[PDB]
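Asks: So that we are looking at the same thing, I have put the structure below in structure tokens.
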Amino acid sequence: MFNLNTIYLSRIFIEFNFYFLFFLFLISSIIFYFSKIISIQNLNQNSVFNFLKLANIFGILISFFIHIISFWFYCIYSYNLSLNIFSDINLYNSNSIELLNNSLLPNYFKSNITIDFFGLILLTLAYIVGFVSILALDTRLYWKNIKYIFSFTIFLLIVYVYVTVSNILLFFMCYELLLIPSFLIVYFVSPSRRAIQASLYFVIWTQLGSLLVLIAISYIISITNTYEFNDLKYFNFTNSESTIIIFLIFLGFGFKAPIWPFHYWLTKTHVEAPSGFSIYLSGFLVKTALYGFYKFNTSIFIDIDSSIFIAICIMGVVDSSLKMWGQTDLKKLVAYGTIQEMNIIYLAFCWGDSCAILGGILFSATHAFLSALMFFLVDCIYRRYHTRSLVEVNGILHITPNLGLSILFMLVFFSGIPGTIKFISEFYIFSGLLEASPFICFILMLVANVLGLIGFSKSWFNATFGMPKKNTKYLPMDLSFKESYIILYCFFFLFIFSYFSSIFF
Amino acid sequence: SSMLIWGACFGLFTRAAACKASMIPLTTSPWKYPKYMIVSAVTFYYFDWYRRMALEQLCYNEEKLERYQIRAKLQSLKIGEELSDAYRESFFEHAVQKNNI
Amino acid sequence: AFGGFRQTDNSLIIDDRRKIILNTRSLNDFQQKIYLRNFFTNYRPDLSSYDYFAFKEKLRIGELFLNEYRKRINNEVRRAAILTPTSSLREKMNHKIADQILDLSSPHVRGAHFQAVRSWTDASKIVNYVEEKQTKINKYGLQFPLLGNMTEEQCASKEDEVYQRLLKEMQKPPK
Amino acid sequence: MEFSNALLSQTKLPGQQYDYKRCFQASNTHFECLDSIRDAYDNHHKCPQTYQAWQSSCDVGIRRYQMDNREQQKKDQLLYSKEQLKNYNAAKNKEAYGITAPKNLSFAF
Amino acid sequence: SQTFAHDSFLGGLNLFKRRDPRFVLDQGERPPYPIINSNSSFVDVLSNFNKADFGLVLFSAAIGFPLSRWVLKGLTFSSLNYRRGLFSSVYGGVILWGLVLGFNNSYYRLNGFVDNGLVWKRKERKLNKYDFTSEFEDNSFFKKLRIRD
Amino acid sequence: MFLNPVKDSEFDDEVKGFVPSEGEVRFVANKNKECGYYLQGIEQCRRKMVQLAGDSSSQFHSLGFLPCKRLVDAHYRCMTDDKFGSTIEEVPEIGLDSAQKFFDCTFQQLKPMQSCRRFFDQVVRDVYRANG
Amino acid sequence: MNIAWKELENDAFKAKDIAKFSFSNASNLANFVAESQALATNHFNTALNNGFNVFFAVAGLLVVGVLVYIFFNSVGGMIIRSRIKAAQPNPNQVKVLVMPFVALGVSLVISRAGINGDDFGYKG
Amino acid sequence: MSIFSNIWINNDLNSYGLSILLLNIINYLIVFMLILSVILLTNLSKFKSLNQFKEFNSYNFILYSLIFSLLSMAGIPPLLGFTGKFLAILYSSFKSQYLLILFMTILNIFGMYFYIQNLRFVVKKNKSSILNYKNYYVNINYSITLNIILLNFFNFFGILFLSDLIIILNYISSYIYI
Ligand SMILES: CCCCCCCCCCCCCCCCCC(=O)OC[C@H](COP(=O)(O)OCCN)OC(=O)CCCCCCCCCCCCCCCCC
């Protein structure tokens, strides 16, 4: 009983959600600019900043809500579309349906909107992680730097255009557009003094990766004078060009999604960056490298052996997981966990368009929520005890017990109890790897799920237990409602997304 | 959209941005607001005409550049290729048929 | 317009069809397309873009179908284990069930693997199997809500066709 | 350079000047002696006196440019007309306001 | 399109009306108007002066006053004599530029590059294959600046 | 489609699949790549002719789809490597039914030019299977 | 350029060829030029209008519900909120409870009606 | 540039590279003039050593204008300086020069660090106070401010209007041989 109404519902919702967000951003920006002369906080009760804050929060939430309904529409649409071509067995008829255009708004950037499952998963992750991160940045924004309240709406708009285009050039441009806001946030909002050099490291590594990706994109564009993913079906690349392109895109996207030899920038940036932006960087930003690579991996025929890339990813996993024991800073430990699971996800895209991509797609969201939760816990500890080092804080239980309980439950979920999506993603990827490489699968499993887990658990257990004897005059209070609800929502999302529709994945 | 209105909108926001950047209040020197829109509207309106008129001459130029490329290719042939059967007929067409002057 | 990349290796190319001799390092954009980029990248290059999309979807459904076969035989084994005591389960299971279990093993059925390594002929055979099942179930109109989308008008015509076919099959003599 | 007739035609001897009035008068007279009889390939021997005047009046570079322009004009005339060109230009400028969509699931290739 | 009549005070405005954005024609390309004197000398251009070049000079004389005043707005530490002399110098320079423009206009009319009141016996047929400006000009002021859109 | 009817079947419409030879797939793919220009022109010609005399009052309404016939010939020749005939009417006895199916599915039933390619390809496949 | 109807006559072509190159009936040609062989432009326009209305209603109801929820439950601490609600007259409490739920539930109901096809006429 | 039966068909413009070079030169000049206008607003005697980039930390217009000018010089994607380098790499790939691409990549990354190194020196303890005084008060120029406003607009959003500049530059470059 699928008809045209659902098709047009899905398309209209996809386009109109973007225009909703854009009009919110434009109105709030106009109000901010034209209300005062200098555009800085007035430090009184009637500051425009207040309104702006609410506006931004409002919009994201509302857009997310619309997105959810929008997302559901797509699912049904996609499902039935497949059916409409699976059951067309008569040789005389063919599915020839041509749609119209909405008469209210123009197509942004003169392009036709096309969407896929992994793009909408990325958009949902952007929505949720941006909401959490902007909630975790209230205290950092103050006199003379309130403008960066607008950063996450800009991120949402850019990622929307990124995921809703079949233009490979606009794809690359939207991928490139994400650097300036990130650098500005690290430069102007971070409180630590060491963050000035960390931003430079972030910029230089990420831009080297972007330069490699740019070389590959220029290669593809010049050889095939086209900007559509479809036209690549009618042009063949020789062995040399295919090898050059695959190496360039792998290295360039592995600079951002940190492969083994390039994670120094990520470690420094997480150690020095503000907590909210750290949540955004681990939860969502690195995933932008997985998406683009996937697209460029799937549109080209490559006739090379993926053993070198698989070995690089596995070396990343082993190197990151072996370094967890000797970490006393909790934020660095969370960064290393992020590195190991990012490399695990990046491994799943080393077999092309095979069924290995489903585990990677699910584990991207799994890591997004796990990293958001871990960095939020680190932020709570840092704001409570004014430190994030095991040698300075322990016995988080017995004083503010809710934080300790959250730490222990986070450890359980990271260990991967069979009731959540971490176990599902591990099962997918490890089944495929065991069939593809048994000894490699065993080695990777032992290194990741035992040694790294033991180091992680030692560093986190020692902080939770003990006696907080040092400074009783300055000991803090327990969690607030905001932090409790954020942690509970992360747990709930993991457990309940273990129940998503099986048509996908 | 109209280029005249787009230019007028450009001048309006340019003046307000200049007032903010100089830390002078808005509503200061108000007569500059209509002047900026008038100047900016005429400026971008002429550019719209010039860019369209440059495409026309560029397209007509490529017709002449079409002829130059063919003759440059024949003159850049390596020696011994002029009478080769791959280029012999095309070379003779320009040397003989195009001797119409 | 499609372009190309200048080649470097020096090697003679013999075109017996056009009766010409070329060099790999002196190929223009068009000659590179018909001499170096002519290889196939599909299971069935003879199909159009629409036809290969249908073929690919049918192949995915066929892999899922073989996986479903294995799941069904496993569930039958579980039912036999619950319903039949071990004093006679092995012999009954050895009758007709063990062979089917071994028929749907790792090479024949993809299972939990990343990819089913099939040649183009194997993919064609799987797609043909799926299409045979479809033709069997389509002539009875069994796939309206579950695996299809017909209008109200088409439903009445389909019902009339299926009714006539069922009448024709019933009045035939037994084989 | 070194390949364009346009840049070579601008190269002249010292103390060499062109009388454009006489050259264009002779060229117009010759092209009106032609264009009354129409051929796919222009035959100057059918207009001998005007051909001689044109050769003695115009420089070699000017004559080469004139022949190239005449060939281009003859090629263009056989293919296009004013009304269909106007209609095509209007249609192209009208569809420029819209967008271009991919042709998903094609048939031709 | 229609151009200003020559040998009249508004003839110089035809300098701003063009058919193509080209600076110059090709070596063998025919000028838009018949040629009066291809190989003109200095006195040939002077003898061709008429009301249009004098109108160019008059326009230079009119517009030179605000330009000279605008230049003079930048003077400091000056006396009346120096200010008056500098104003006279700037005004005379603008007059000289107007005379140069009139000389160029007369030369162009002699060569046939601009409207000189003559028409070719045979029109050079042109097929408007590429057209991005006809309707835009017809719905604008720019139809005045274009000849045969 | 690559299903053959089952003869002496217990029920009415039972089919069995088959896979073409590697030579047939190669030939069809190469000819489709080398002759897709004619295929696109048929789609454009078919739509263009109706746009000019779709009404029955037009002067040349009687001719119908005649000029596109030329394209239909060229494609055929291309798809047959000029080894059989200059026009589709010279197709051998095998594949003649598929030619009628293509003509019915292309003009009498103005179907999207997705199903019509299947019948022309069937003509080519039948000719390839018969001859060599 | 050479694909036209000038110099084309039925004399050259044989009848059978003409029979396979003749136009279909008027209805088929009209459906072909209008591209309405399966669905009509009226169907498409109605679907666009319904999608427009559904999106506007859903977005408006969602924003109204969330604004009223935030502005009714963001007045202070728990005791302050309890005192304010107790001071509120009965209709005001009824409104500040009910109507955000009404807006959000109506948005969800509209979405559910959007995803379900219950207008199909092959029932019974 | 192929031939079929003595008919030549070419899909190459042959004058694109000159237009690309002109675009690179013009973009560099625009960004350079932006940063020099920012300098010319201020008191010139303060900028002697490289660490004195801190002197640009006076008020939000100067600081952000120079931060974005430096990022544009470094070739950061959104800004104007990126487009010229991107088109240079595209033209090099079109001309099939991978060694030139590699050497330009090395030069680009080293120069990018050379540019962004000064963003660390901009950090200052307090406001710099780098403005000239006139009539007892700081002299803030409005005309140079408006010029910087226009240059900032075309630095931020010049990638949207780059097509027209490319059209004009190719039109100019098409006259080279004709
Ligand atoms: C209210 C509305 C009423 C109705 C509308 C009324 C409108 C009336 C006013 C408009 C008409 C007035 C007359 C025409 C405008 C004045 C002349 C002018 O601006 O000319 C632009 C100039 C012309 O050159 P062109 O014609 O190409 O010359 C070749 C042979 N003629 O063109 C050029 O110089 C060519 C381009 C030069 C190179 C540009 C590209 C490279 C540089 C790009 C970046 C520039 C950045 C800044 C550089 C410094 C300049 C500020």
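Residue numbers start at 1 in each chain; chains themselves are named A, B, ... in the order of the structure tokens; ligands are numbered from 1 in the order shown.
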Which polymer residues have any atom within 12 Å of an atom of region 69-72 of chain C, counting only C-alpha atoms, with same-chain residues fewer than 6 positions away left out, as an MDAnalysis selection string?
Replies: chainID C and resid 62:63 78:79 97:98 100:106 108:112
Asks: Would you pick out the contacts of residue 5 (chain C) at 10 Å or less, using only C-alpha atoms, so that residues sharing its chain but fewer than 6 positions from it are not included, and give the list as a PyMOL selection string?
Replies: (chain A and resi 219+222-224+237-238+241) or (chain C and resi 27-29+32) or (chain H and resi 93-97)
Asks: Counting only C-alpha atoms, what is within 12 Å of residue 42 (chain D), bar same-chain residues fewer than 2 positions away, as a compact mmCIF listing (two decimals) with N, CA, C and O atoms, in the first residue's frame?
Replies:
```
# COMPACT_ATOMS: atom_id res chain seq x y z
N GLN B 97 43.87 22.35 -50.52
CA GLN B 97 42.51 22.89 -50.56
C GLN B 97 42.45 24.28 -49.94
O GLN B 97 41.77 25.17 -50.45
N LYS B 98 43.17 24.49 -48.83
CA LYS B 98 43.17 25.77 -48.15
C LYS B 98 44.14 26.77 -48.75
O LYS B 98 44.43 27.79 -48.12
N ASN B 99 44.65 26.51 -49.96
CA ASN B 99 45.45 27.47 -50.71
C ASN B 99 44.58 28.39 -51.56
O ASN B 99 45.04 28.91 -52.59
N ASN B 100 43.33 28.61 -51.15
CA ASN B 100 42.32 29.26 -51.96
C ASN B 100 42.59 30.76 -52.12
O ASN B 100 41.99 31.39 -52.99
N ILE B 101 43.50 31.33 -51.34
CA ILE B 101 43.79 32.76 -51.41
C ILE B 101 44.35 33.14 -52.77
O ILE B 101 44.77 32.28 -53.55
N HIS D 30 35.08 41.80 -55.50
CA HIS D 30 35.33 40.40 -55.83
C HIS D 30 34.29 39.48 -55.20
O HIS D 30 33.83 38.53 -55.83
N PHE D 31 33.92 39.75 -53.95
CA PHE D 31 32.95 38.90 -53.27
C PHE D 31 31.54 39.12 -53.77
O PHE D 31 30.68 38.25 -53.56
N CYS D 33 31.20 39.78 -57.17
CA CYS D 33 31.30 38.99 -58.39
C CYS D 33 31.08 37.52 -58.09
O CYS D 33 30.41 36.81 -58.85
N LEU D 34 31.64 37.04 -56.98
CA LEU D 34 31.22 35.79 -56.37
C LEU D 34 29.90 36.00 -55.64
O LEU D 34 29.30 37.08 -55.68
N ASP D 35 29.41 34.94 -55.00
CA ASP D 35 28.18 34.99 -54.20
C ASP D 35 26.95 35.25 -55.06
O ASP D 35 25.82 35.22 -54.57
N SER D 36 27.17 35.50 -56.35
CA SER D 36 26.10 35.49 -57.34
C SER D 36 25.98 34.12 -57.98
O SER D 36 24.87 33.66 -58.28
N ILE D 37 27.12 33.47 -58.20
CA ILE D 37 27.19 32.04 -58.47
C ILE D 37 27.70 31.37 -57.20
O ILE D 37 28.73 31.76 -56.65
N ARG D 38 26.95 30.38 -56.71
CA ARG D 38 27.23 29.76 -55.43
C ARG D 38 27.79 28.36 -55.64
O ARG D 38 27.21 27.55 -56.37
N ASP D 39 28.93 28.09 -55.00
CA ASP D 39 29.58 26.79 -55.06
C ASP D 39 30.02 26.40 -53.66
O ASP D 39 30.25 27.26 -52.80
N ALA D 40 30.12 25.09 -53.42
CA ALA D 40 30.63 24.61 -52.14
C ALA D 40 32.07 25.06 -51.93
O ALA D 40 32.45 25.46 -50.83
N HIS D 44 37.92 31.13 -57.86
CA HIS D 44 38.23 32.51 -58.24
C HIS D 44 38.40 32.67 -59.74
O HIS D 44 38.27 33.79 -60.24
N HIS D 45 38.69 31.59 -60.46
CA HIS D 45 38.89 31.69 -61.90
C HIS D 45 37.60 32.02 -62.65
O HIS D 45 37.67 32.44 -63.80
N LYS D 46 36.44 31.83 -62.01
CA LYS D 46 35.18 32.24 -62.61
C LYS D 46 34.94 33.74 -62.52
O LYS D 46 34.01 34.24 -63.16
N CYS D 47 35.76 34.46 -61.76
CA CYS D 47 35.70 35.92 -61.65
C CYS D 47 37.10 36.47 -61.84
O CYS D 47 37.72 37.00 -60.91
N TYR D 51 39.29 38.88 -59.37
CA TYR D 51 40.33 38.12 -58.70
C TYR D 51 41.68 38.80 -58.83
O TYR D 51 42.43 38.90 -57.85
N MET D 67 39.64 34.57 -46.57
CA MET D 67 39.25 33.22 -46.96
C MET D 67 38.83 32.38 -45.76
O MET D 67 37.86 31.62 -45.84
N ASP D 68 39.54 32.50 -44.63
CA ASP D 68 39.14 31.75 -43.45
C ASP D 68 37.76 32.18 -42.96
O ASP D 68 36.91 31.34 -42.64
N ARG D 70 35.39 33.59 -44.76
CA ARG D 70 34.40 33.18 -45.75
C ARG D 70 34.07 31.70 -45.61
O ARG D 70 32.90 31.31 -45.70
N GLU D 71 35.08 30.86 -45.38
CA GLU D 71 34.83 29.44 -45.17
C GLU D 71 33.99 29.21 -43.93
O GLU D 71 33.05 28.40 -43.94
N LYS D 74 30.38 30.27 -44.70
CA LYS D 74 29.70 29.30 -45.55
C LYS D 74 29.33 28.04 -44.77
O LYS D 74 28.25 27.48 -44.97
```
Asks: Give me, as a PDB file with N, CA, C and O atoms, in the first residue's frame, all polymer residues having an atom no more than 12 Å from residue 145 (chain C), counting only C-alpha atoms and skipping those fewer than 6 positions away in the same chain.
Replies:
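Result went into out-v6.pdb, see below:
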```pdb
ATOM      1  N   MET A   1       0.819  -1.206   0.000  1.00  0.00           N
ATOM      2  CA  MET A   1       0.000   0.000   0.000  1.00  0.00           C
ATOM      3  C   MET A   1       0.857   1.261   0.000  1.00  0.00           C
ATOM      4  O   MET A   1       0.448   2.300   0.516  1.00  0.00           O
ATOM      5  N   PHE A   2       2.048   1.161  -0.584  1.00  0.00           N
ATOM      6  CA  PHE A   2       2.944   2.302  -0.702  1.00  0.00           C
ATOM      7  C   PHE A   2       2.558   3.136  -1.916  1.00  0.00           C
ATOM      8  O   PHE A   2       2.352   2.599  -3.008  1.00  0.00           O
ATOM      9  N   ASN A  80      10.472   0.324   0.229  1.00  0.00           N
ATOM     10  CA  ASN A  80       9.523   0.068  -0.840  1.00  0.00           C
ATOM     11  C   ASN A  80      10.162   0.279  -2.197  1.00  0.00           C
ATOM     12  O   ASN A  80       9.850  -0.454  -3.146  1.00  0.00           O
ATOM     13  N   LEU A  83      11.598  -2.856  -3.276  1.00  0.00           N
ATOM     14  CA  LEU A  83      10.530  -3.766  -3.666  1.00  0.00           C
ATOM     15  C   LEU A  83      10.017  -3.432  -5.058  1.00  0.00           C
ATOM     16  O   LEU A  83       9.793  -4.332  -5.876  1.00  0.00           O
ATOM     17  N   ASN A  84       9.882  -2.139  -5.364  1.00  0.00           N
ATOM     18  CA  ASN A  84       9.294  -1.744  -6.636  1.00  0.00           C
ATOM     19  C   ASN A  84      10.132  -2.199  -7.819  1.00  0.00           C
ATOM     20  O   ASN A  84       9.629  -2.229  -8.946  1.00  0.00           O
ATOM     21  N   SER A  87      10.086  -6.919  -7.618  1.00  0.00           N
ATOM     22  CA  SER A  87       8.920  -7.670  -8.065  1.00  0.00           C
ATOM     23  C   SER A  87       8.516  -7.362  -9.501  1.00  0.00           C
ATOM     24  O   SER A  87       7.532  -7.929  -9.985  1.00  0.00           O
TER      25      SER A  87
ATOM     26  N   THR C 151      -2.051  -1.173  -7.352  1.00  0.00           N
ATOM     27  CA  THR C 151      -3.186  -0.297  -7.117  1.00  0.00           C
ATOM     28  C   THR C 151      -4.450  -1.124  -6.900  1.00  0.00           C
ATOM     29  O   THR C 151      -4.460  -2.348  -7.054  1.00  0.00           O
ATOM     30  N   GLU C 152      -5.532  -0.437  -6.529  1.00  0.00           N
ATOM     31  CA  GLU C 152      -6.808  -1.118  -6.346  1.00  0.00           C
ATOM     32  C   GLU C 152      -7.304  -1.718  -7.654  1.00  0.00           C
ATOM     33  O   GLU C 152      -7.832  -2.836  -7.673  1.00  0.00           O
ATOM     34  N   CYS C 155      -5.585  -4.936  -8.522  1.00  0.00           N
ATOM     35  CA  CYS C 155      -5.926  -6.047  -7.638  1.00  0.00           C
ATOM     36  C   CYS C 155      -7.096  -6.856  -8.181  1.00  0.00           C
ATOM     37  O   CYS C 155      -7.088  -8.089  -8.114  1.00  0.00           O
TER      38      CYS C 155
ATOM     39  N   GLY G 117      -0.813   3.498   5.010  1.00  0.00           N
ATOM     40  CA  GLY G 117      -1.799   3.550   3.953  1.00  0.00           C
ATOM     41  C   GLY G 117      -3.059   2.798   4.325  1.00  0.00           C
ATOM     42  O   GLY G 117      -3.130   1.575   4.177  1.00  0.00           O
ATOM     43  N   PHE G 120      -6.638   2.341   1.146  1.00  0.00           N
ATOM     44  CA  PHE G 120      -6.684   1.378   0.057  1.00  0.00           C
ATOM     45  C   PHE G 120      -8.054   0.715  -0.014  1.00  0.00           C
ATOM     46  O   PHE G 120      -8.635   0.337   1.008  1.00  0.00           O
ATOM     47  N   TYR G 122      -9.147  -2.168  -1.522  1.00  0.00           N
ATOM     48  CA  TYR G 122      -9.265  -3.600  -1.788  1.00  0.00           C
ATOM     49  C   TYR G 122      -9.512  -4.383  -0.505  1.00  0.00           C
ATOM     50  O   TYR G 122      -8.985  -5.482  -0.313  1.00  0.00           O
TER      51      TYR G 122
END
```
Asks: With the cut-off set at 7 Å and counting only C-alpha atoms and all ligand atoms, tabulate each residue of chain E with an atom at most that distance from an atom of ligand 1, showing the nearest atom pair and its distance in Å to one decimal, ordered by chain and increasing number, as CSV.
Replies:
```
residue,atom,partner,partner_atom_place_in_ligand_line,distance
E:21,CA,ligand 1,30 (C),4.8
E:22,CA,ligand 1,30 (C),4.9
E:23,CA,ligand 1,30 (C),4.0
E:140,CA,ligand 1,4 (C),6.6
E:141,CA,ligand 1,5 (C),5.4
```
Asks: Using only C-alpha atoms, please write the residues we just selected to a file, as a short mmCIF file (atom, residue, chain, number, x, y, z; two decimals), in the first residue's frame.
Replies:
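Result went into result-v3.cif, see below:
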```
data_model
loop_
_atom_site.label_atom_id
_atom_site.label_comp_id
_atom_site.auth_asym_id
_atom_site.auth_seq_id
_atom_site.Cartn_x
_atom_site.Cartn_y
_atom_site.Cartn_z
CA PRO E 21 33.91 43.96 -26.04
CA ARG E 22 36.95 43.80 -28.35
CA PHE E 23 39.56 46.54 -28.15
CA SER E 140 17.48 47.11 -19.22
CA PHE E 141 19.30 50.37 -19.88
#
```
Asks: Residues near residue 83 (chain F), anyone? I mean within 12 Å using only C-alpha atoms, not counting same-chain ones fewer than 4 positions away, as a list in words.
Replies: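 Everything that qualifies: residues 76, 77, 78, 79, 87, 90, 91, 92, 127, 128, 131 and 132 of chain F.
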Asks: Measuring between only C-alpha atoms, which one of E:32, E:74, E:11, E:64 shows the shortest distance to residue 111 (chain E)?
Replies: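 For residue 111 (chain E), the nearest of the given residues is E:32.
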Asks: Grab the CA of residue 50 (chain C) to CA of residue 129 (chain C) distance for me, in Å with one decimal place.
Replies: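 Pair CA of residue 50 (chain C) / CA of residue 129 (chain C) returns 19.9 Å.
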Asks: Calculated over only C-alpha atoms, which of the candidates F:52, F:113, F:123, F:1 has the smallest distance to residue 100 (chain F)?
Replies: F:123
Asks: With only C-alpha atoms considered, list every residue of chain H at most 12 Å from chain E, as a list in words.
Replies: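 So the contacting residues turn out to be residues 168, 171, 172, 174, 175, 177 and 178 of chain H.
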Asks: Could the residues of chain D that have an atom at most 12 Å from chain G be listed as a Markdown table, each with its closest atom pair and the distance in Å to one decimal, counting only C-alpha atoms and ordered by chain and ascending residue number?
Replies:
```
| residue | atom | partner | partner_atom | distance |
| --- | --- | --- | --- | --- |
| D:78 | CA | G:1 | CA | 11.0 |
| D:79 | CA | G:1 | CA | 8.4 |
| D:80 | CA | G:1 | CA | 9.9 |
| D:84 | CA | G:1 | CA | 11.5 |
```
Asks: Wanna dump the chain D-chain A contacts at 10 Å for me, each residue with its shortest atom pair and the distance in Å to one decimal, counting only C-alpha atoms, ordered by chain and number, as JSON lines?
Replies:
```
{"residue": "D:97", "atom": "CA", "partner": "A:110", "partner_atom": "CA", "distance": 9.5}
{"residue": "D:98", "atom": "CA", "partner": "A:110", "partner_atom": "CA", "distance": 7.8}
{"residue": "D:99", "atom": "CA", "partner": "A:110", "partner_atom": "CA", "distance": 5.4}
{"residue": "D:100", "atom": "CA", "partner": "A:111", "partner_atom": "CA", "distance": 7.1}
{"residue": "D:101", "atom": "CA", "partner": "A:112", "partner_atom": "CA", "distance": 5.9}
{"residue": "D:102", "atom": "CA", "partner": "A:230", "partner_atom": "CA", "distance": 7.4}
{"residue": "D:103", "atom": "CA", "partner": "A:230", "partner_atom": "CA", "distance": 8.1}
{"residue": "D:104", "atom": "CA", "partner": "A:230", "partner_atom": "CA", "distance": 7.2}
{"residue": "D:105", "atom": "CA", "partner": "A:230", "partner_atom": "CA", "distance": 9.0}
{"residue": "D:106", "atom": "CA", "partner": "A:230", "partner_atom": "CA", "distance": 9.8}
{"residue": "D:109", "atom": "CA", "partner": "A:234", "partner_atom": "CA", "distance": 7.7}
```
Asks: Take the residues that were just selected and, keeping C-alpha atoms, output them as a PDB file, in the first residue's frame.
Replies:
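Writing the result to part-v2.pdb gives the following:
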```pdb
ATOM      1  CA  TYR D  97      16.921  28.996 -14.519  1.00  0.00           C
ATOM      2  CA  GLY D  98      16.257  25.377 -13.544  1.00  0.00           C
ATOM      3  CA  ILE D  99      18.615  22.695 -12.297  1.00  0.00           C
ATOM      4  CA  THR D 100      20.113  19.526 -13.773  1.00  0.00           C
ATOM      5  CA  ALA D 101      19.224  16.180 -12.257  1.00  0.00           C
ATOM      6  CA  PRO D 102      21.104  12.879 -12.602  1.00  0.00           C
ATOM      7  CA  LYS D 103      19.604  10.310 -14.968  1.00  0.00           C
ATOM      8  CA  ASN D 104      19.561   7.420 -12.517  1.00  0.00           C
ATOM      9  CA  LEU D 105      19.107   3.895 -13.913  1.00  0.00           C
ATOM     10  CA  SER D 106      19.648   4.709 -17.579  1.00  0.00           C
ATOM     11  CA  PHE D 109      24.718   2.321 -21.931  1.00  0.00           C
TER      12      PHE D 109
END
```
Asks: DSSP on the backbone, then: every residue of chain F marked strand (DSSP E), written as a ChimeraX atom specification.
Replies: /F:3-5,15-17
Asks: Keeping N, CA, C and O atoms, export the residues of the selection given above as an mmCIF file, in the first residue's frame.
Replies:
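File selection_31.cif, as written:
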```
data_model
loop_
_atom_site.group_PDB
_atom_site.id
_atom_site.type_symbol
_atom_site.label_atom_id
_atom_site.label_comp_id
_atom_site.auth_asym_id
_atom_site.auth_seq_id
_atom_site.Cartn_x
_atom_site.Cartn_y
_atom_site.Cartn_z
ATOM 1 N N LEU F 3 15.080 -17.158 -18.591
ATOM 2 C CA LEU F 3 14.309 -18.324 -18.188
ATOM 3 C C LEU F 3 13.677 -18.962 -19.417
ATOM 4 O O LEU F 3 13.182 -18.262 -20.306
ATOM 5 N N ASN F 4 13.700 -20.295 -19.465
ATOM 6 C CA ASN F 4 13.115 -21.088 -20.529
ATOM 7 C C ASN F 4 11.897 -21.843 -20.018
ATOM 8 O O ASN F 4 11.915 -22.354 -18.892
ATOM 9 N N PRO F 5 10.828 -21.922 -20.807
ATOM 10 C CA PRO F 5 9.650 -22.682 -20.378
ATOM 11 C C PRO F 5 9.966 -24.160 -20.213
ATOM 12 O O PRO F 5 10.773 -24.734 -20.947
ATOM 13 N N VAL F 15 9.207 -22.479 -15.222
ATOM 14 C CA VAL F 15 10.368 -22.031 -15.975
ATOM 15 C C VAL F 15 11.634 -22.557 -15.313
ATOM 16 O O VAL F 15 11.652 -22.909 -14.133
ATOM 17 N N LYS F 16 12.703 -22.614 -16.105
ATOM 18 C CA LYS F 16 14.017 -23.032 -15.634
ATOM 19 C C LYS F 16 15.052 -22.037 -16.133
ATOM 20 O O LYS F 16 15.021 -21.644 -17.301
ATOM 21 N N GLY F 17 15.958 -21.626 -15.252
ATOM 22 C CA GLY F 17 16.942 -20.636 -15.625
ATOM 23 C C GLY F 17 18.093 -21.210 -16.429
ATOM 24 O O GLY F 17 18.334 -22.414 -16.461
#
```
Asks: Under the rule that only C-alpha atoms are counted, which of H:165, H:87, H:36, H:112 is the nearest residue to chain B?
Replies: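 Smallest separation from chain B among the options: H:165.
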